[PDB]
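*Asks:* sequence and experimental coordinates follow.
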Amino acid sequence: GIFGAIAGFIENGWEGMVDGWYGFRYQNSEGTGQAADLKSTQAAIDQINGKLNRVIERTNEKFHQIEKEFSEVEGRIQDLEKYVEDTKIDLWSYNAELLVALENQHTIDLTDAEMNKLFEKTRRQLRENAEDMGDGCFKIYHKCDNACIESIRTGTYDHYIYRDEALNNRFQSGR
Amino acid sequence: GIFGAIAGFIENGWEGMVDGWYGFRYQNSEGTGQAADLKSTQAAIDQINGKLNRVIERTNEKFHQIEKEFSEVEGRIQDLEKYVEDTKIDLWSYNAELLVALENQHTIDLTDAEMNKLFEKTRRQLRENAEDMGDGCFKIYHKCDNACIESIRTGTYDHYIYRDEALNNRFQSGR
Amino acid sequence: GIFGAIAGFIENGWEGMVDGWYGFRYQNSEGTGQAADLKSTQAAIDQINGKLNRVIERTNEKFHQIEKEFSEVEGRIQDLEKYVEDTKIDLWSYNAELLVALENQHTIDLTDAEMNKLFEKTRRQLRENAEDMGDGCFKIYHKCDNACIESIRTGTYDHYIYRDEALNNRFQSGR
Amino acid sequence: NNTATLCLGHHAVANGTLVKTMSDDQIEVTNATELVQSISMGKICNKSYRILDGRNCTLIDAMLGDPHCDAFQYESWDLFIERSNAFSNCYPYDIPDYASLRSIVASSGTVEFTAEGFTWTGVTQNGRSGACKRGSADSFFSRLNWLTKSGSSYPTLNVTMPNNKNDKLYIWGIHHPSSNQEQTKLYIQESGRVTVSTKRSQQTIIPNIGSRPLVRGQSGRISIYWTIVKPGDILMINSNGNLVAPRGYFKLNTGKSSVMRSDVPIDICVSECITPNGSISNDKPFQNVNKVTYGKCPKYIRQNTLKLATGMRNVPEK
Amino acid sequence: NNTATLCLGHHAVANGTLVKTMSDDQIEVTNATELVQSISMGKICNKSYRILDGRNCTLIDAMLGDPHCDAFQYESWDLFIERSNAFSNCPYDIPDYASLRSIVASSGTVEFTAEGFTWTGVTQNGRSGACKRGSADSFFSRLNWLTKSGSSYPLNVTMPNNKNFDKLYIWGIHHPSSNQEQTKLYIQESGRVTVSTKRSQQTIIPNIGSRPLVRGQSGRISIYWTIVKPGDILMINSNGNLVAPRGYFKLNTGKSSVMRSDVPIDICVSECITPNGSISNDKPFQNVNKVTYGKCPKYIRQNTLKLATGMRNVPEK
Amino acid sequence: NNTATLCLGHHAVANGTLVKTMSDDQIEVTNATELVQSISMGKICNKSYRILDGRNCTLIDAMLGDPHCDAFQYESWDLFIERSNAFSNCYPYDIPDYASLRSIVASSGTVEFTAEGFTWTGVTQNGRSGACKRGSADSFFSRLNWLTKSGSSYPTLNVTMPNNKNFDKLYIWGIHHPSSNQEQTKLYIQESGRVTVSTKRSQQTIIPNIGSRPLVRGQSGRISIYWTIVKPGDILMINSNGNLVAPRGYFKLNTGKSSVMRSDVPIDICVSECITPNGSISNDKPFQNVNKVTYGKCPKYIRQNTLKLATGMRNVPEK
Ligand SMILES: *[C@@H]1O[C@H](CO)[C@@H](O[C@@H]2O[C@H](CO)[C@@H](O[C@@H]3O[C@H](CO[C@H]4O[C@H](CO)[C@@H](O)[C@H](O)[C@@H]4O)[C@@H](O)[C@H](O[C@H]4O[C@H](CO)[C@@H](O)[C@H](O)[C@@H]4O)[C@@H]3O)[C@H](O)[C@H]2NC(C)=O)[C@H](O)[C@H]1NC(C)=O
Ligand SMILES: *[C@@H]1O[C@H](CO)[C@@H](O[C@@H]2O[C@H](CO)[C@@H](O[C@@H]3O[C@H](CO[C@H]4O[C@H](CO)[C@@H](O)[C@H](O)[C@@H]4O)[C@@H](O)[C@H](O[C@H]4O[C@H](CO)[C@@H](O)[C@H](O)[C@@H]4O)[C@@H]3O)[C@H](O)[C@H]2NC(C)=O)[C@H](O)[C@H]1NC(C)=O
Ligand SMILES: *[C@@H]1O[C@H](CO)[C@@H](O[C@@H]2O[C@H](CO)[C@@H](O[C@@H]3O[C@H](CO[C@H]4O[C@H](CO)[C@@H](O)[C@H](O)[C@@H]4O)[C@@H](O)[C@H](O[C@H]4O[C@H](CO)[C@@H](O)[C@H](O)[C@@H]4O)[C@@H]3O)[C@H](O)[C@H]2NC(C)=O)[C@H](O)[C@H]1NC(C)=O
Ligand SMILES: CC(=O)N[C@@H]1[C@@H](O)[C@H](O[C@@H]2O[C@H](CO)[C@H](O)[C@H](O[C@]3(C(=O)O)C[C@H](O)[C@@H](NC(C)=O)[C@H]([C@H](O)[C@H](O)CO)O3)[C@H]2O)[C@@H](CO)O[C@H]1O
Ligand SMILES: CC(=O)N[C@@H]1[C@@H](O)[C@H](O[C@@H]2O[C@H](CO)[C@H](O)[C@H](O[C@]3(C(=O)O)C[C@H](O)[C@@H](NC(C)=O)[C@H]([C@H](O)[C@H](O)CO)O3)[C@H]2O)[C@@H](CO)O[C@H]1O
Ligand SMILES: CC(=O)N[C@@H]1[C@@H](O)[C@H](O[C@@H]2O[C@H](CO)[C@H](O)[C@H](O[C@]3(C(=O)O)C[C@H](O)[C@@H](NC(C)=O)[C@H]([C@H](O)[C@H](O)CO)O3)[C@H]2O)[C@@H](CO)O[C@H]1O
Ligand SMILES: *[C@@H]1O[C@H](CO)[C@@H](O[C@@H]2O[C@H](CO)[C@@H](O[C@@H]3O[C@H](CO)[C@@H](O)[C@H](O)[C@@H]3O)[C@H](O)[C@H]2NC(C)=O)[C@H](O)[C@H]1NC(C)=O
Ligand SMILES: *[C@H]1O[C@H](CO)[C@@H](O[C@@H]2O[C@H](CO)[C@@H](O[C@@H]3O[C@H](CO)[C@@H](O)[C@H](O)[C@@H]3O)[C@H](O)[C@H]2NC(C)=O)[C@H](O)[C@H]1NC(C)=O
Ligand SMILES: *[C@@H]1O[C@H](CO)[C@@H](O[C@@H]2O[C@H](CO)[C@@H](O)[C@H](O)[C@H]2NC(C)=O)[C@H](O)[C@H]1NC(C)=O
Ligand SMILES: *[C@@H]1O[C@H](CO)[C@@H](O[C@@H]2O[C@H](CO)[C@@H](O)[C@H](O)[C@H]2NC(C)=O)[C@H](O)[C@H]1NC(C)=O
Ligand SMILES: *[C@@H]1O[C@H](CO)[C@@H](O[C@@H]2O[C@H](CO)[C@@H](O)[C@H](O)[C@H]2NC(C)=O)[C@H](O)[C@H]1NC(C)=O
Ligand SMILES: *[C@@H]1O[C@H](CO)[C@@H](O[C@@H]2O[C@H](CO)[C@@H](O)[C@H](O)[C@H]2NC(C)=O)[C@H](O)[C@H]1NC(C)=O
Ligand SMILES: *[C@@H]1O[C@H](CO)[C@@H](O)[C@H](O)[C@H]1NC(C)=O
Ligand SMILES: *[C@@H]1O[C@H](CO)[C@@H](O)[C@H](O)[C@H]1NC(C)=O
């Protein structure tokens, strides 16, 4: 994908995540855990559902038309009837091919986009207190329980409360 | 959209910005202020202008064609004339519907892109002297007057000049 | 394009890179140098090769059709024969115009994306040890010889090894 | 510890599926759906639309009144099914522009007939033939009236018929005899003629005498022509011999009606789209079953499979 | 303060409008434009194109020379407007009427050039009470009804095409009502018309019989055409029933056509015409009518399509 | 130093090229390719498909057996090229619905003829004309049989021919239009002839029309040509009391890839899988702006003469 998240900086998918399409795994003082992010999952699915109804109108009713199969050889008018159908089928055949490729591209690209957006959303919350590992993982520089992780996932995490603790832990170092 | 700037980390649009499409609001030692960014505004406008002309050739003169209404029942030939016209109208109808969806998706994505590009542009100048607030806002850790704000949105800002002041303000805390 | 890398924060292309499509230039304790990144280059080429074969199926064998040029004027039947052919040509001509605008937009966007993807990849490796100069360039706050730089290009670079050294060089300053 | 590690990710499935994009020929996604209907139902569903099984009868024969088609006498349809083992079993005929009249009748959607009191003074009516058996006896098309000389006369027939209704379709014909001896024997005059006219149009057909290959023991032929009389207009028929006369008219409807060639059986099910291969499902935008369709149908295309991705790229473990 | 804040953003409007994308059925943008013309001007504009109001006359009647269509005698057009009130007033049929109409429509003129045909032994200028010019019996002005002169009806007349263009010859045959009428008008019991060139021929036989009275007449005339190529010659052979041509029509290659409409012509300017009247030109698509002439938008099924000309509109809480 | 700078970038070229996107009317990329074939080969290539030069002969002339078309008697083709210069040189004729027969024969891809033993009792056969010279002497179409009165009789001809093969037969026949009533009674006995050609399922009757026509190649009389397709199991019947121009046999109809094309361009040893009236063209492009008339494996004809597909990133050189 164009964002390089899915099959990019995020190495692989999680088969053990069945509650949603995008989500979280974490390790802290209360062990490890997993949670889905429903807002991201919904944003993807809403775009994917009815995808085709935006382009193709509900199947057309059609009744009497032209003859498309012939038992006798007639010359001129049969040539015309044949050519018209040939032209129609080929133009729709093209439409269908293009549409599939166009929409599939769109799908790959928007799903990849949502992964990146959730990552970015999380990064902006953590401010100075965390570290992007490139794994798609954050290293948080303070004790963060399940109530604390929960607050990140909802978007209520106040970074000022841990800033001092995070600065201590981060700057422990120097040669 | 895909970048999640418009209706994303930037919470809403400004109804009181009439100079441009994209821009800045700021609070400093001289109060509050507003200024549009013209390159972004133009970058987007230039892509939206004559959008349709890049795909559909300027409408062409047609003259004597076929008959499309009939006041007599005829059979073979009239079936053909009706089918041909019906085939045509459905194909152009498909075209019109697909084109509008494509172009509008393009418009939404490119306008979101412009917002995001401007954000990144602004970020890259501030370096360590500032802090992404996640709001689409920057916390600048030094006294920055109107001329200094102008310095940022003209892209003539020198971060080295304010680096030492910025570090002092930034690392005041930790407990 | 949409990522603002090519003709964006990266000032211009390198005419002196015949080696690949994307890559690195560097100055260190062993002089200056240049190398291409083959993974990015290949990723772009793979999307651009056979691009048209994904949409428009290979040219098809067609034999006897309708007459498309006439000596005598005839009226009704010839009117129809011309209209059919006129209709077909206008519709293919539209498909072609749209397809070229479409594929070209895609080609600009994906090549722009690969540049951004490589920058981001490099940024995520260097962690705190480096600075985004806003140039497409990284200020690496430690002694990095050719082997050290290759480890960045291979993606084997361990930031922990150099962290202590980087913190010293970085925080030499303050007023 | 004194720190935490929070990782972001996405889901994946065990067995994923391949789709095509603008970037890749083949790429694995978590889930996709078929967009091309390639399987039919094997039969024609009798429900939703009104289906009339033609059985042994062509539409044209059902409307002419071929004896073995008498069961179709009062019938109307949304779709008339013509079977390939249908046959004619009446007097040998030809219709110049057969294809167009078949289309007109098909579109009207009925062979229901309305008798009119034509007076044929000086000629004998209800001409019969051994080629056209009504179960056992010699007969003729029910909707056609074969006129011959009465006693020893065939007066120039001059009959009229106004259209006071708010379009009537008239079917009629001319008989081509086999020899000159036959021509005079049946309609005194050595040369016949039929002129059917209205205020706005006219047609004249001269009969052609000669031997033609025996069909059900007959070498003569009937030629069938049609006329459309508008409201306020008036049908006129002038003839001095050889007239195969109309018995009334067919009402012309603007309809959703058509005709289809198929040998697939008719069965009890529900569908909204019919092809020569029987009914098809309706839920996909495209279809590869047959270019010949009737009803609410997916667009016919050359390709037999097209997969629309409905999930993100599938990236399995390692 | 000792610090500063700088926030980035984009504009919004109060008058937002909904469009369709690939991602959403309906999303608000700051601005959109209509791509489908659905409003007509309500009238046909006289300017840009040369419009001929047919009034009481069909194109065919006007070229045949039906007396009440005399005013069209010399007329040319870009577009000929056929009204539904139009009536015939001279009774005929034309096999392949639609084609001849098409050929003439496309040629864009009913301007006629008289030639000196010589018809030895027959009487010319047949008239009829079915075709009144002013007060007296008359006939199609472009056709010449030939009958018995004295007690005989001999015809083998030639006419070469020495010009550098095609000539269109309109001729006919008369179908009388009774055997009595045939011999009275043209001695021979059975007549014929053989119109030929070096490359083609047509023979028509008159069909005798009673038809319904049209304007007091039970007889009919059937009409036919022949195109003569440069260097070719027109030959007309007949021993009865011929409705002779009086000259030729010049076949043009032009932008000319014909259209059925009951909408009025008015002082106005547009580049596209429909049976509903002229329509505006600025939009790519149009839903007014599939029948068009000129520089027209493409006709489609949908009556509205909205092209986004601004970003996503995000007003405050 | 005590530091290092690592820069990222991309390549660029000197020979940039302008393309069209959805965002920009013209934008410079590193490389692009032409999607529209514009040049033809100036000639028609005869490898790939069997190409037949019609030369002086139209397709119809060739199948009727016009004397100057004799060399085509056994010819077959994938594509038959008709030239402008083609002329007819036999008895003056017309074919009602000429274009359809041309189309039917074109598709069949052959004018090979199979003779049949027709018996024409009581008439004289092999009628000849000065309007149709085979080398030196008067002649007639080699595939037709002009029948006239023998002695002072033209009996009502009643001839039959059964189709016992498994394919459709195409029969070509005609009728003679004399110039005067005097001529009509001199060649045939009756004052008015007729031809009825019938099967079990179809019939045609044509009445001849007497009268003078423009003199073509000496004659003012004419022949009109008609056709009949006889299905396997059916039976051709011909009935005539004068004026018949009888068939000498049948043509075999073939379901094939054959066609006919009008071109004045030379035929040359060459390979290409696509033919236009301007000559052969290349297949490698998706579109072409050479001709709407094509035969073979051809790109799609479109209005535009050039279309550039980008095959590289935006080209951004030094400023
Ligand atoms: C112009 O030329 C045609 C062709 O020759 C003539 O038409 C033929 O006329 C003959 C005799 O009148 C027809 O005779 C018929 O053929 C029978 C042979 O058996 C069967 O043939 C077919 C095919 O198998 C079957 O469908 C059919 O039912 C037959 O059973 C004859 O046996 C029959 O005639 C009679 O002969 C027997 C004695 O052998 C008697 O006992 C019977 O009474 C029987 O009726 C049978 O009807 C022949 O079919 C015609 N051919 C075609 C193609 O139609 C025209 O007569 C001639 N016209 C002229 C000169 O004006
Ligand atoms: C074959 O059969 C047809 C049909 O029957 C015959 O055609 C009819 O012939 C009769 C006379 O022979 C026609 O009747 C005459 O025509 C006029 C009818 O006009 C109608 O419309 C007008 C509107 O202008 C109305 O006013 C009127 O009521 C009618 O509805 C009348 O005007 C005629 O009257 C005149 O003639 C009589 C003598 O007959 C005089 O005494 C009067 O003073 C008056 O001037 C008259 O009624 C009838 O219209 C014809 N119908 C059609 C459909 O053509 C053929 O004659 C016949 N052919 C044969 C036997 O060869
Ligand atoms: C109905 O009306 C038509 C049209 O007028 C008549 O047809 C014309 O008939 C005349 C008389 O037969 C034809 O004239 C003859 O043409 C022959 C061919 O000449 C053509 O080619 C030469 C070049 O070789 C040109 O010079 C010339 O212009 C022609 O194009 C010639 O063989 C004749 O000339 C010879 O005859 C005289 C004696 O008559 C001899 O001394 C010489 O040998 C001389 O060479 C003559 O010129 C004319 O071509 C016909 N025109 C058309 C258009 O068909 C019908 O005859 C008439 N039918 C009736 C009354 O029933
Ligand atoms: C041994 C033998 O030949 N016996 C004859 C026998 O042929 C003949 O039968 C009649 O033959 C004539 C041929 O001129 C017709 O084919 C008759 O066919 C019928 C038919 O069945 O269609 C009879 C019918 O009653 C006729 N109907 C009318 C309305 O006229 C039709 C019709 O005339 C023709 O089809 C017109 O084309 O023909 C057939 O019976 C008999 C006759 O009595 O005489 C034996 O001696
Ligand atoms: C009630 C009564 O007794 N009426 C008759 C009346 O029929 C007759 O009028 C003539 O009737 C004849 C029919 O035999 C024609 O209808 C005549 O019509 C005209 C016409 O069309 O106007 C006259 C015209 O001069 C003719 N033109 C030519 C070139 O011949 C045409 C022409 O013959 C026909 O149109 C051909 O179809 O016919 C009409 O005058 C009168 C006069 O005799 O006597 C009354 O008593
Ligand atoms: C100057 C002059 O008076 N010359 C005549 C001259 O007319 C005549 O030549 C014959 O004229 C007749 C016309 O009545 C035909 O045109 C003859 O044409 C031929 C032909 O095609 O060459 C002869 C040929 O043998 C005929 N073939 C058959 C099968 O009948 C055909 C045929 O009849 C016609 O083509 C039918 O339309 O016509 C032509 O020879 C000469 C010699 O008779 O006498 C001069 O006095
Ligand atoms: C820029 O790209 C274009 C193509 O978009 C290059 O020109 C074309 O290159 C193709 C593929 O390499 C050539 O195709 C040839 O096909 C034959 C098979 O028939 C094969 O034998 C050859 O080996 C080759 O693959 C094609 O000749 C050529 N087309 C034209 C019109 O020149 C171009 O070289 C690229 N330029 C750069 C700087 O990359
Ligand atoms: C957003 O909505 C529409 C469409 O984007 C804008 O209105 C249109 O703007 C065009 C600019 O090209 C105007 O065209 C004008 O044409 C006249 C001649 O008729 C000429 O004199 C002008 O110089 C100009 O070229 C036009 O006003 C208008 N077109 C329409 C309505 O069809 C609108 O301005 C935009 N609104 C906002 C708030 O930005
Ligand atoms: C994969 O996607 C398909 C198609 O979208 C799913 O089937 C649809 O599920 C929806 C959701 O309730 C139903 O309303 C539809 O009836 C189904 N669509 C069609 C076209 O039949 C399918 O369930 C998904 N499969 C998996 C394993 O997730
Ligand atoms: C269609 O025609 C066939 C054959 O002509 C009819 O089948 C015959 O029916 C009778 C009884 O009605 C049987 O005695 C025969 O054995 C059948 N013949 C054959 C060959 O099967 C059949 O009746 C017709 N179909 C309909 C629906 O009427
Ligand atoms: C077209 O025909 C109409 C109707 O036949 C003509 O209008 C009539 O004109 C006369 C004057 O001669 C009036 O007395 C009538 O009242 C009108 N008739 C009707 C039914 O309204 C009109 O003259 C013709 N049009 C043109 C342009 O000449
Ligand atoms: C086609 O016909 C033309 C003209 O009839 C032929 O050209 C003639 O060639 C022969 C020599 O064989 C001579 O009679 C003349 O010198 C030529 N006549 C003219 C008018 O140029 C040509 O040979 C024919 N072409 C083919 C391929 O058979
Ligand atoms: C409000 O909305 C439309 C966008 O559809 C805009 O063009 C217009 O200028 C706005 N203001 C008005 C109509 O006063
Ligand atoms: C651009 O220049 C190079 C080097 O000379 C050449 O090989 C290449 O084919 C050129 N690109 C084209 C013709 O598209």
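*Replies:* Great, that's in hand. Numbering: from 1, shown residues only, chains lettered A, B, ... in the order given. Ligands and ions are numbered 1, 2, ... in the order given.
*Asks:* every contact and neighbour count from this point should use C-alpha atoms.
*Replies:* Noted.
*Asks:* measure residue A:63 to ligand 4 for me?
*Replies:* Distance, residue A:63 to ligand 4, using C-alpha to the nearest ligand atom, to the nearest Å: 40 Å.
*Asks:* now do the contacts for that residue.
*Replies:* Listed by C-alpha atoms under 8 Å, 6 or more residues apart in numbering or on different chains, the contact partners of residue A:63 are D:256, D:257, D:258, D:294, D:295.
*Asks:* mind listing residues that contact stretch A:91-108?
*Replies:* A:1, A:48, A:51, B:91, C:54-56, C:92, D:19-23, D:286, D:299-303, D:306-313.
*Asks:* for ChimeraX, write the select line for the buried members of these.
*Replies:* Selecting only the buried entries of the contacts of stretch A:91-108 in ChimeraX, with 16 or more other C-alpha atoms under 10 Å in any protein chain shown as the criterion:
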select /A:1,48,51 /B:91 /C:54,55,56,92 /D:19,20,21,22,23,286,299,300,301,302,306,307,308,309,310,311,312,313
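*Asks:* out of the contacts of stretch A:91-108, which touch ligand 8?
*Replies:* Contacts with ligand 8 are made by none of these, judged by C-alpha under 6 Å from any ligand atom.
*Asks:* now, the contacts of stretch A:91-108 that are in helices?
*Replies:* In helices, defined here by DSSP state H, the members of the contacts of stretch A:91-108 are A:48, B:91, C:92.
*Asks:* any chance of those in a markdown table with distance to residue B:164 as columns?
*Replies:* What follows is the ones in helices among the contacts of stretch A:91-108, written out as a markdown table (distance: C-alpha to C-alpha, whole Å):
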| residue | distance to residue B:164 |
| --- | --- |
| A:48 | 50 |
| B:91 | 66 |
| C:92 | 64 |
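*Asks:* turn those residues into JSON lines, including distance to ligand 7.
*Replies:* Formatted as JSON lines, the ones in helices among the contacts of stretch A:91-108 follow (distance: C-alpha to the nearest ligand atom, whole Å):
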{"residue": "A:48", "distance to ligand 7": "34"}
{"residue": "B:91", "distance to ligand 7": "31"}
{"residue": "C:92", "distance to ligand 7": "22"}
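*Asks:* tell me how far residue D:268 lies from residue E:61.
*Replies:* 57 Å (C-alpha to C-alpha, to the nearest Å).
*Asks:* tell me how many other residues crowd residue A:119.
*Replies:* 20 (other C-alpha atoms under 10 Å in any protein chain shown).
*Asks:* which single residue of chain A ends up nearest ligand 9?
*Replies:* Per C-alpha to the nearest ligand atom, residue A:49 is where chain A lies closest to ligand 9, at 7.3 Å.
*Asks:* contacts only, for that residue.
*Replies:* residue D:310.
*Asks:* on that earlier part again, which of the contacts of stretch A:91-108 fall in strands?
*Replies:* Assigned to strands by DSSP state E, the following of the contacts of stretch A:91-108 qualify: D:19, D:286, D:299, D:300, D:307, D:308, D:309.
*Asks:* ok, of the residues you listed, which one's closest to chain B?
*Replies:* Each of the ones in strands among the contacts of stretch A:91-108 was scored against chain B by C-alpha to the nearest C-alpha, and residue D:299 proved nearest at 10.9 Å.
*Asks:* okay, and the beta partners of the closest one?
*Replies:* residue D:286 (DSSP bridges).
*Asks:* contacting residues around it?
*Replies:* Under the contact definition (C-alpha under 8 Å, 6+ apart), the residues listed for residue D:299 are A:92, D:285, D:286, D:287.
*Asks:* same check, this time on residue D:118
*Replies:* Contacts of residue D:118 by C-alpha under 8 Å, 6+ apart are D:159, D:160, D:161, D:247.
*Asks:* out of those, the closest to ligand 6 would be?
*Replies:* residue D:159 (43.2 Å).
*Asks:* wait, a strand at that closest one?
*Replies:* Yes: judged by DSSP: H, G, I helix; E, B strand; the rest coil, residue D:159 forms part of a strand.
*Asks:* state the helix or strand in which the closest residue to it other than its chain neighbours lies.
*Replies:* Closest residue in space to residue D:159, ignoring its immediate chain neighbours: residue D:237 at 5.4 Å, by C-alpha to C-alpha, 6 or more residues apart in numbering or on different chains. If you go by DSSP states H and E, residue D:237 is part of strand D:234-241.
*Asks:* which strands and helices sit next to that strand?
*Replies:* Packing contacts for strand D:234-241, counted by 3 or more C-alpha pairs under 8 Å, 6 or more residues apart in numbering or on different chains; DSSP states H and E, involve strand D:157-162, strand D:193-197.
*Asks:* give me whichever of the ones you listed is most buried.
*Replies:* Most buried of the helices and strands packed on strand D:234-241, by mean neighbour count (mean count of other C-alpha atoms under 10 Å in any protein chain shown): strand D:193-197, with a mean of 23.
*Asks:* for chain E, what's the nearest residue on chain A?
*Replies:* For chain A, C-alpha to the nearest C-alpha, closest residue to chain E: residue A:47, 4.7 Å.
*Asks:* so what's residue D:291 up against?
*Replies:* Each residue near residue D:291 by C-alpha under 8 Å, 6+ apart is listed here: A:68, D:275, D:300.
*Asks:* so what's the residue count around the residue of chain A closest to chain E?
*Replies:* For residue A:47, the count of nearby residues is 19 (other C-alpha under 10 Å).
*Asks:* now swap in residue D:124 and tell me
*Replies:* When neighbours are counted by other C-alpha under 10 Å, residue D:124 registers 16.
*Asks:* backbone phi and psi for it, please?
*Replies:* Phi and psi for residue D:124, reported as degrees, to the nearest 10, are phi -90, psi 140.
*Asks:* ok, the nearest residue to residue D:147 once chain neighbours are set aside - contacts?
*Replies:* Excluding the flanking residues, the one nearest residue D:147 by C-alpha to C-alpha, 6+ apart is residue D:125, at 4.7 Å. Residues near residue D:125 by C-alpha under 8 Å, 6+ apart: D:145, D:146, D:147, D:148.
*Asks:* for ligand 8, see how far away residue D:125 is.
*Replies:* 73 Å.
*Asks:* go on, residue A:79?
*Replies:* Distance from residue A:79 to ligand 8, by C-alpha to the nearest ligand atom: 45 Å.
*Asks:* doesn't that residue belong to a strand?
*Replies:* No: assignment of residue A:79 by three-state DSSP gives helix, placing it outside any strand.
*Asks:* that one: neighbour count?
*Replies:* 19.
*Asks:* before we move on, the earlier item: looking at the contacts of residue A:63, which is nearest residue B:163?
*Replies:* Distance ranking of those against residue B:163, using C-alpha to C-alpha, places residue D:295 first at 74.5 Å.
*Asks:* could you pull out the strands for the stretch 51-200 of chain D?
*Replies:* D:51-53, D:79-82, D:93-94, D:113-115, D:123-124, D:129-134, D:137-139, D:144-146, D:148-149, D:157-162, D:168-176, D:193-197 (DSSP state E, counting those that start in this stretch).
*Asks:* quick one: strands adjacent to the longest one?
*Replies:* Paired with strand D:168-176 in the same sheet, following DSSP bridges, are strand D:221-229 (antiparallel), strand D:243-246 (antiparallel), strand D:248-251 (antiparallel).
*Asks:* how far off centre is the second one?
*Replies:* The offset between the C-alpha centroid of strand D:243-246 and the centroid of the whole chain comes to 23 Å, using C-alpha atoms, centre = their mean, to the nearest Å.
*Asks:* check the first one too.
*Replies:* Between the centre of strand D:221-229 and the centre of its host chain there is 17 Å, according to C-alpha atoms, centre = their mean.
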